[PDB]
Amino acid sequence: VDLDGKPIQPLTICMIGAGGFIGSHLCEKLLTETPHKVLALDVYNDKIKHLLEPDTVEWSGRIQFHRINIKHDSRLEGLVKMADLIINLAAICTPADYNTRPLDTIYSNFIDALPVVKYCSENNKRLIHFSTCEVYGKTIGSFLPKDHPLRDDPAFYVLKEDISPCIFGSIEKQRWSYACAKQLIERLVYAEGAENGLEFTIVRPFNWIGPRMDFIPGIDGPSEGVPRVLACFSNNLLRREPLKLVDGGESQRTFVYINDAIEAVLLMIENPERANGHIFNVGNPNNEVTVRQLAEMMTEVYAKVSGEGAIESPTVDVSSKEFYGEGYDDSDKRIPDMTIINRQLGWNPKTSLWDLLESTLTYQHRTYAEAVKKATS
């Protein structure tokens, strides 16, 4: 039974990018805590392999992998026509290659999604599209003088979905490739909801953290690769290397536990009358830190989880020219406004930053530690 009070309709769900970080955890909750059927579309199924026929016949009947690449595949429209609800996670979303592969980024996050939107509207399906907190980009407050008191007024940093602005860098700041593409797909989805009647929901994750996020380089991902900060610092800790802090890690972020976030998504799935229409910030405003702090906190927790104590200097600064490359820029302080998601679905993140890091770093140590010891010799 749902939030409205009505009983829960069971449904076939087409999940695109379902073998990803978010996808994989989403399948865990749908399978274990709901009646719904999942159609898992992705190019790779590595992260959901524990849930499939090869590994177990415990769920089969309610999940079905389909190796598909949505750039060119006729089978997609049928697969959509198969389900009642489409969830589109499929997207290049590591900042590393917003400024290095800008074309592939734009094509991934805007162009390749268009068909998905076409089919949902044509065949009268419901769509949940995953955008990003990067759509807000920078805070208004960031342009006031250093230590100007207006910075303290939440007016200038809290990111409300119905009224805060989308602020990006100039064009030459190619990192915004990603954000601009996400912005346009949102305007299009919203437009399609307006010009025709598309039932939709848009999700703006603020830095979701957990097991299975991205990859450790030189183990289950390219040696030359560069993931998102969780994975980057995870790698740094496992190899007993200091944590590289980009331009002194003074930007701020708010991390939410992956499990907390998935609860949110589920509520959206099961309450379409309160989610259709809306755009939703999913983040945990209470777990704010600078990147320096994330680093310190992670080394502390790691030392707890690992046994071993910390390094002489456990971090070090590095320029974004050195780290990210040429056209890097950065959001400075993401603080998600909760009013809309809180009013519509009653959601709140239960989990602490420290708690979530303990959890996540234990998974990381359990998984990667022997492997990284064997790849040092």
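Residue numbers run from 1 along the displayed sequence.
Looking at 76-84 and 151-159 together, the entry lists the larger mean B-factor for 76-84, computed on C-alpha atoms.
According to the PDB record, 305-313 carries the higher mean C-alpha B-factor of the two stretches 305-313 and 340-348. When the C-alpha B-factors of 369, 353, 361, 13 are read from the PDB record, the largest value belongs to 369. Highest C-alpha temperature factor among 262, 135, 209, 246, as the PDB entry reports it: 246.
The PDB entry assigns residue 267 a C-alpha temperature factor belonging to the lowest third of its chain's modelled residues. Sort the chain's modelled residues by C-alpha temperature factor and residue 278 lands in the middle third, per the entry. For residue 299, the recorded CA B-factor ranks within the middle third of the chain. Only modelled residues enter the ranking. Among all modelled residues in this chain, the alpha-carbon of residue 64 has a temperature factor (C-alpha) in the highest third.
Residue-level temperature factors show residue 41 in the lowest third of its chain, judged at the C-alpha atom.
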